[PDB]
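Please read the structure below before turning to the comments.
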Amino acid sequence: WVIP
Amino acid sequence: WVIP
Amino acid sequence: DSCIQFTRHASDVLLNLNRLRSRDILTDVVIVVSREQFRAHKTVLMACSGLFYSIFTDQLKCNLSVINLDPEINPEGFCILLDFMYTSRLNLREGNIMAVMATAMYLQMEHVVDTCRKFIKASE
Amino acid sequence: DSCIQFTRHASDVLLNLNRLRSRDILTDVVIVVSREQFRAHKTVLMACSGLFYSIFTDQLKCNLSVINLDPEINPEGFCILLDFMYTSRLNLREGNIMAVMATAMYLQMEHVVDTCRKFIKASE
Ligand SMILES: O=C1Cc2cc(Nc3ncnc(Cl)c3Cl)ccc2N1
Ligand SMILES: O=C1Cc2cc(Nc3ncnc(Cl)c3Cl)ccc2N1
Ligand SMILES: [Cl-]
Ligand SMILES: [Cl-]
């Protein structure tokens with residue numbers, strides 16, 4: 001999971 | 001395009 | 001093999017599937033979550049959820065145009081997960097995390113369940 | 001927004017759509033390319049090809065279960081492009097590049113047309  |  | 005790979009292809013496909021969903025093109029099922037209805041493509045639901053994969057591979061349920069979810073399922077939690085299925089983006093907030101995690105557990109979306117558990121653990 | 005994004009989600013969706021295609025699950029069209037038949041999902045074809053997008057948004061053609069391609073289309077070129085649609089991997093070889101490029105032009109798959117043009121230019 002990432003900060004887009 | 002890339003070499004996978 | 002000796003194939004070449006187009007890096008953005010999977011993302012471009014999902015973007016177009018979401019555009020078809022937004023314009024209600026070739027949607028073949030309505031998911032009923034209490035008073036709320038959500039139109040979608042059976043193939044995308046199956047590709048994202050262990051629960052929908054089981055439902056739509058069933059020889060009788062594969063032909064249904066309407067699927068009713070368990071009454072304990074929260075429509076907003078479902079809406080957030082349906083948006084994630086079609087975009088890869090999850091709108092996870094303090095006010096919805098419990099509903100999102102419960103819905104992801106029911107829908108069998110293990111990567112979502114995992115991030116909800118981690119976000120909850122950090123707040124404890 | 002304040003969404004989080006699952007990096008591998010689009011790739012995982014496409015992988016599952018290809019698994020459904022391989023098991024012939026919820027395929028809703030057969031593409032006829034001379035003597036050869038290819039089963040697929042209309043939504044994936046539309047998501048990958050300008051030609052299929054135009055065909056399946058047409059109010060009469062959207063309901064057809066069989067689509068016949070132009071007789072000049074090579075079945076192997078089509079097969080290679082159908083595999084690319086469902087995997088992001090293109091099996092481009094000296095022996096098939098001309099058929100693949102002609103099929104990609106007909107199908108309106110601009111990124112494929114672009115790499116074929118570049119690979120041909122390098123060999124000249
Ligand atoms: O957490 C998850 C996400 C998910 C998706 C699916 N889907 C598929 N799996 C295998 N082959 C096929 Cl053909 C599909 Cl469609 C099944 C289980 C789960 N669990
Ligand atoms: O080279 C290409 C690949 C391609 C795909 C599509 N597909 C879609 N485009 C916009 N909205 C929607 Cl809803 C879809 Cl399905 C249209 C044109 C082209 N050209
Ligand atoms: Cl997931
Ligand atoms: Cl393309």
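So you can find residues: chains in the structure tokens are A, B, ... in the order shown, residues in each start at 1, and ligands are numbered from 1 in order.
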
- Message: Residues near residue 1 of chain A, anyone? I mean within 10 Å using only C-alpha atoms, not counting same-chain ones fewer than 2 positions away, as a PyMOL selection string.
- Response: (chain A and resi 3-4) or (chain C and resi 88-90+111-112+115) or (chain D and resi 4-9)

Dump as an mmCIF file, in the first residue's frame, selection limited to N, CA, C and O atoms:
```
data_model
loop_
_atom_site.group_PDB
_atom_site.id
_atom_site.type_symbol
_atom_site.label_atom_id
_atom_site.label_comp_id
_atom_site.auth_asym_id
_atom_site.auth_seq_id
_atom_site.Cartn_x
_atom_site.Cartn_y
_atom_site.Cartn_z
ATOM 1 N N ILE A 3 0.886 5.946 -0.689
ATOM 2 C CA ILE A 3 0.199 7.228 -0.808
ATOM 3 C C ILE A 3 0.318 7.522 -2.323
ATOM 4 O O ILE A 3 1.439 7.736 -2.795
ATOM 5 N N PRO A 4 -0.780 7.490 -3.106
ATOM 6 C CA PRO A 4 -0.647 7.717 -4.561
ATOM 7 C C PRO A 4 -0.288 9.155 -4.921
ATOM 8 O O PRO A 4 -0.671 10.067 -4.199
ATOM 9 N N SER C 88 -8.138 0.667 -7.497
ATOM 10 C CA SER C 88 -6.953 0.355 -6.640
ATOM 11 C C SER C 88 -6.840 1.362 -5.477
ATOM 12 O O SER C 88 -5.945 1.219 -4.649
ATOM 13 N N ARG C 89 -7.736 2.369 -5.403
ATOM 14 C CA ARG C 89 -7.674 3.378 -4.338
ATOM 15 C C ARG C 89 -8.734 3.130 -3.276
ATOM 16 O O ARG C 89 -9.914 2.966 -3.596
ATOM 17 N N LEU C 90 -8.296 3.078 -2.013
ATOM 18 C CA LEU C 90 -9.155 2.790 -0.872
ATOM 19 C C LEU C 90 -9.311 4.035 0.001
ATOM 20 O O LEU C 90 -8.315 4.551 0.530
ATOM 21 N N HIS C 111 -6.172 -8.385 1.115
ATOM 22 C CA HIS C 111 -5.235 -7.247 1.173
ATOM 23 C C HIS C 111 -5.859 -6.037 1.880
ATOM 24 O O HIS C 111 -5.185 -5.388 2.679
ATOM 25 N N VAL C 112 -7.163 -5.798 1.659
ATOM 26 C CA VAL C 112 -7.904 -4.743 2.357
ATOM 27 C C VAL C 112 -8.012 -5.067 3.855
ATOM 28 O O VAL C 112 -7.743 -4.194 4.687
ATOM 29 N N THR C 115 -4.601 -4.248 5.524
ATOM 30 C CA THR C 115 -4.291 -2.833 5.787
ATOM 31 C C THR C 115 -5.191 -2.231 6.876
ATOM 32 O O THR C 115 -4.736 -1.341 7.589
ATOM 33 N N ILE D 4 -5.544 5.585 0.014
ATOM 34 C CA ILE D 4 -4.288 4.818 -0.042
ATOM 35 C C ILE D 4 -4.449 3.972 -1.303
ATOM 36 O O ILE D 4 -5.573 3.732 -1.733
ATOM 37 N N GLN D 5 -3.348 3.587 -1.931
ATOM 38 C CA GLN D 5 -3.409 2.826 -3.172
ATOM 39 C C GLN D 5 -2.680 1.504 -3.057
ATOM 40 O O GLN D 5 -1.609 1.436 -2.460
ATOM 41 N N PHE D 6 -3.247 0.305 -3.493
ATOM 42 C CA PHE D 6 -2.597 -1.004 -3.509
ATOM 43 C C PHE D 6 -1.950 -1.155 -4.877
ATOM 44 O O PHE D 6 -2.639 -1.323 -5.884
ATOM 45 N N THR D 7 -0.626 -1.024 -4.915
ATOM 46 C CA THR D 7 0.202 -1.053 -6.133
ATOM 47 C C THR D 7 -0.088 -2.228 -7.088
ATOM 48 O O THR D 7 -0.231 -1.999 -8.292
ATOM 49 N N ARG D 8 -0.190 -3.450 -6.555
ATOM 50 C CA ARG D 8 -0.401 -4.645 -7.381
ATOM 51 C C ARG D 8 -1.861 -4.951 -7.747
ATOM 52 O O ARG D 8 -2.100 -5.945 -8.435
ATOM 53 N N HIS D 9 -2.829 -4.125 -7.295
ATOM 54 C CA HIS D 9 -4.266 -4.369 -7.551
ATOM 55 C C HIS D 9 -4.645 -4.527 -9.025
ATOM 56 O O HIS D 9 -5.311 -5.521 -9.350
#
```

- Item | Residues within 9 Å of ligand 2, counting only C-alpha atoms and all ligand atoms, as a PyMOL selection string | (chain C and resi 12-13+15-23+25) or (chain D and resi 43-54+57+104-105+107-113)

Residue subset to file, keeping N, CA and C atoms, as a short mmCIF file (atom, residue, chain, number, x, y, z; two decimals), in the first residue's frame:
```cif
data_model
loop_
_atom_site.label_atom_id
_atom_site.label_comp_id
_atom_site.auth_asym_id
_atom_site.auth_seq_id
_atom_site.Cartn_x
_atom_site.Cartn_y
_atom_site.Cartn_z
N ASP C 12 -4.41 0.88 -17.19
CA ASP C 12 -5.22 1.45 -18.30
C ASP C 12 -6.48 0.61 -18.49
N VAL C 13 -6.34 -0.73 -18.40
CA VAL C 13 -7.52 -1.61 -18.49
C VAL C 13 -8.49 -1.30 -17.35
N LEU C 15 -8.82 1.40 -15.52
CA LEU C 15 -9.36 2.74 -15.72
C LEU C 15 -10.55 2.69 -16.70
N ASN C 16 -10.39 1.95 -17.82
CA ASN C 16 -11.48 1.82 -18.80
C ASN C 16 -12.65 1.01 -18.27
N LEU C 17 -12.38 -0.03 -17.46
CA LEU C 17 -13.47 -0.81 -16.84
C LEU C 17 -14.25 0.12 -15.90
N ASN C 18 -13.54 1.01 -15.16
CA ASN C 18 -14.25 1.95 -14.28
C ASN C 18 -15.10 2.96 -15.10
N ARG C 19 -14.58 3.42 -16.26
CA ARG C 19 -15.34 4.33 -17.16
C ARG C 19 -16.60 3.64 -17.67
N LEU C 20 -16.52 2.33 -18.01
CA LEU C 20 -17.71 1.58 -18.43
C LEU C 20 -18.70 1.47 -17.27
N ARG C 21 -18.19 1.22 -16.04
CA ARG C 21 -19.08 1.16 -14.87
C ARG C 21 -19.81 2.51 -14.66
N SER C 22 -19.07 3.64 -14.73
CA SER C 22 -19.63 4.98 -14.53
C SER C 22 -20.74 5.32 -15.54
N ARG C 23 -20.62 4.80 -16.78
CA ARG C 23 -21.61 5.04 -17.84
C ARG C 23 -22.63 3.91 -17.95
N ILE C 25 -22.21 0.77 -18.78
CA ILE C 25 -22.05 -0.01 -20.01
C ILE C 25 -21.67 -1.45 -19.69
N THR D 43 -16.13 -6.67 -22.14
CA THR D 43 -15.57 -5.55 -21.37
C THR D 43 -14.06 -5.42 -21.49
N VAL D 44 -13.34 -6.54 -21.46
CA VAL D 44 -11.87 -6.53 -21.59
C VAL D 44 -11.48 -6.08 -23.01
N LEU D 45 -12.19 -6.62 -24.03
CA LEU D 45 -11.91 -6.25 -25.43
C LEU D 45 -12.10 -4.73 -25.60
N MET D 46 -13.19 -4.18 -25.05
CA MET D 46 -13.48 -2.73 -25.13
C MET D 46 -12.43 -1.93 -24.39
N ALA D 47 -11.99 -2.42 -23.21
CA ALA D 47 -10.97 -1.74 -22.39
C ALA D 47 -9.59 -1.67 -23.09
N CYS D 48 -9.34 -2.56 -24.08
CA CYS D 48 -8.04 -2.65 -24.76
C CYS D 48 -8.00 -2.16 -26.19
N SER D 49 -9.15 -2.06 -26.84
CA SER D 49 -9.20 -1.81 -28.28
C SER D 49 -10.23 -0.77 -28.66
N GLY D 50 -9.80 0.23 -29.43
CA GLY D 50 -10.70 1.27 -29.95
C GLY D 50 -11.76 0.68 -30.86
N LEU D 51 -11.40 -0.38 -31.61
CA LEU D 51 -12.37 -1.03 -32.50
C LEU D 51 -13.46 -1.74 -31.68
N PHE D 52 -13.07 -2.55 -30.67
CA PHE D 52 -14.09 -3.23 -29.84
C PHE D 52 -14.90 -2.25 -29.01
N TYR D 53 -14.28 -1.16 -28.55
CA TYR D 53 -15.00 -0.12 -27.82
C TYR D 53 -16.15 0.44 -28.70
N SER D 54 -15.87 0.73 -29.98
CA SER D 54 -16.88 1.25 -30.91
C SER D 54 -17.98 0.21 -31.19
N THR D 57 -20.33 -0.52 -28.00
CA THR D 57 -21.15 0.60 -27.51
C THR D 57 -22.26 0.85 -28.53
N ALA D 104 -3.00 -4.77 -34.87
CA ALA D 104 -3.07 -3.71 -33.85
C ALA D 104 -3.62 -2.42 -34.48
N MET D 105 -3.25 -2.13 -35.73
CA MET D 105 -3.80 -0.96 -36.44
C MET D 105 -5.32 -1.10 -36.64
N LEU D 107 -7.37 -3.10 -34.90
CA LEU D 107 -8.00 -3.13 -33.59
C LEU D 107 -7.91 -1.81 -32.86
N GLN D 108 -7.11 -0.86 -33.38
CA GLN D 108 -6.90 0.46 -32.76
C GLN D 108 -6.28 0.31 -31.36
N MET D 109 -5.10 -0.30 -31.30
CA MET D 109 -4.34 -0.50 -30.06
C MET D 109 -3.03 0.28 -30.26
N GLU D 110 -3.10 1.59 -30.01
CA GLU D 110 -2.05 2.54 -30.37
C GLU D 110 -0.69 2.27 -29.74
N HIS D 111 -0.64 1.80 -28.48
CA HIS D 111 0.66 1.51 -27.83
C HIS D 111 1.37 0.33 -28.51
N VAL D 112 0.62 -0.69 -28.94
CA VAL D 112 1.16 -1.81 -29.70
C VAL D 112 1.66 -1.34 -31.08
N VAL D 113 0.84 -0.55 -31.81
CA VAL D 113 1.25 0.00 -33.11
C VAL D 113 2.60 0.75 -32.99
#
```

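Among C:99, C:85, C:69, C:60, the residue with the shortest atom-to-atom distance to ligand 1, counting only C-alpha atoms and all ligand atoms, is C:85.
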